[PDB]
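No hydrogens, no waters, no symmetry mates; every other heavy atom, side chains included, goes into these values. Note that the numbering runs from 1 along the sequence shown for the chain.
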Amino acid sequence: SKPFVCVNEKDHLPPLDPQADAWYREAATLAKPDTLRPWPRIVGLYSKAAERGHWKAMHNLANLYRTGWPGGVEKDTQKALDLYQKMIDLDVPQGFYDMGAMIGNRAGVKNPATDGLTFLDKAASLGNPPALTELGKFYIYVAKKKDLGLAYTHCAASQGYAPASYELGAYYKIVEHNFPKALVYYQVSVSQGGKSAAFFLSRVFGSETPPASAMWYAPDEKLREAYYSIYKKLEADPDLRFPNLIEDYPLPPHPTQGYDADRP
């Protein structure tokens, strides 16, 4: 029960195979457009990459099998589990996070690869941004361990993981009622590929949004569209980023709270 040191998930990853990553990136691209996609081919590429050890291909493919959302991909819980175990075999931090969502978090302590840790803790122990963000959500709100959660959520966003920066904005908006500091973190989330934050900032600066939901920020026509367009761009391609967003559009002041509710 000792808080984990913040480590980069990019420190405990296996080497990325070039041949396999090409299969993976073609499959990922084919999984996007307004066909309904060549699913037998998508599965072929993903699996081919997975057999060579590609860990994102294992993650993407298992997400197809774990659910059954693709029209041409069968739900196969066991195929997902076996892909999750291959990830763990390579000590891939995302592999622990994915397995705990399959067979239960507490099922991790039994697994020899966790070293007596639950799946979330083991993945967070390797700096996995999803695992640290989920623990942050349990610690901040469910448990009364707000400080541990914010720390873990801060570890996740420092690695560029947008949903953690989204939880930051949510925290400041909701727990601390610090709207301008919340807006700073929602924006950082957008610049990291945050879909939900781009939509949220669209409504923040939308005229049709009830002022309460907009944190009483004044509507802004250009800001409203600049964010909704980013939301549309990430909706077609979730892998894009926006490294100039912060500089290109500095956030407006707040009529009551300013640039940080703390120091207005």
Check your understanding: Between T118 and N105, is there a donor-acceptor pair closer than 3.5 Å when you use the side chain of the first and the backbone of the second?
Key -> yes
Review point. Does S47 use its side chain to pair, donor to acceptor, with the backbone of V43 at less than 3.5 Å?
Key: yes
Check your understanding: For the atom pair NE2 (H59) and OH (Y46), what is the distance rounded to the nearest 0.5 Å?
Key -> 9.0 Å
Point to revise | Hydrophobic cluster identity match, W39 and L45, side-chain contacts under 4.5 Å | key: yes
Check your understanding: Above 12 or not: heavy atoms from other molecules or residues under 6.0 Å from CZ of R106?
Key -> no
Review point. Between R41 and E26, is the closest basic N to carboxylate O distance under 4.0 Å?
Key: yes
Review point. Is there side-chain contact between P252 and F205, with heavy atoms separated by less than 4.5 Å?
Key: yes
Review point. When rounded to the nearest 0.5 angstrom, what is the spacing between OG in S207 and CD in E221?
Key: 6.0 Å
Practice item. Would you sort out whether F199 and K195 count as a side chain to side chain contact (heavy atoms under 4.5 Å, CB included), showing the intermediate values? Key: CA-CA 6 Å; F199 185 82; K195 167 122 73 77; 6.0 Å; no
Exercise for review: Kindly confirm or rule out a cation-pi arrangement of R263 over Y259, judged by NZ or CZ under 6.0 Å from the six-membered ring centre and within 45° of its axis?
Suggested key: no
Check your understanding: Given the side-chain rings of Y217 and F179, with only the six-membered ring counted for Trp, is the space between their centroids under 6.0 Å?
Key -> no
Point to revise | Electrostatic pair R25-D21, nearest N-O below 4.0 angstrom | key: yes
**Study point:** Distance-only side-chain donor-acceptor flag, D91 / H12, under 3.5 Å
**Key:** no
Exercise for review: List the steps, then state whether side chain to side chain contact (heavy atoms under 4.5 Å, CB included) holds for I103 with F119.
Suggested key: CA-CA 10 Å; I103 63 176; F119 277 118; 3.8 Å; yes
Study note, to complete from the structure: Applying side-chain contact (heavy atoms from CB on, under 4.5 Å) to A62 and not counting sequence neighbours gives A80, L83, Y84
Exercise for review: Nearest 0.5 Å please: distance from the CD1 atom of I230 over to the CG atom of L201.
Suggested key: 9.0 Å
Revision key, fill the gap. Across all chains, not counting sequence neighbours, the salt bridge (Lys or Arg N to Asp or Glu O under 4.0 Å) partners of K56 are none
Review point. Would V73 and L61 show up in the same hydrophobic cluster when neighbours are defined by side-chain heavy atoms closer than 4.5 Å?
Key: yes
Without placing hydrogens or testing angles, list every side-chain donor-acceptor pair under 3.5 Å for residues 133-141, not counting sequence neighbours.
residue	atom	partner	partner atom	Å
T133	OG1	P129	O	2.7

Check your understanding: Can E235 and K232 be said to form a salt bridge (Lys or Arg N to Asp or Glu O under 4.0 Å), step by step?
Key -> CA-CA 5 Å; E235 178 150 317; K232 291 310 262 173; 3.4 Å; yes
Review point. Using a distance-only test with no angle check, is there a side-chain donor-acceptor pair under 3.5 angstrom linking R52 and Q19?
Key: yes
Study note, to complete from the structure: Between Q257 and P264 the two heavy atoms that sit nearest each other are O-CB, 3.2 Å
Revision key, fill the gap. Between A131 and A124, the two heavy atoms sitting closest are CB-N, 3.6 Å
**Study point:** Contact check, side chains of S202 and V204, non-hydrogen atoms, under 4.5 Å
**Key:** no
**Study point:** Residue pair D248, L245: steps toward the side chain to side chain contact (heavy atoms under 4.5 Å, CB included) verdict
**Key:** CA-CA 5 Å; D248 284 354; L245 205 232; 5.5 Å; no
**Study point:** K181/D262 salt bridge by N-O under 4.0 Å criterion
**Key:** no
Practice item. Search all heavy atoms of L132 against all heavy atoms of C155 and return the closest pair with its distance. Key: CD1-SG, 3.7 Å
Check your understanding: How far apart are the closest heavy atoms of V190 and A198, and which atoms are they?
Key -> CG2-N, 3.5 Å
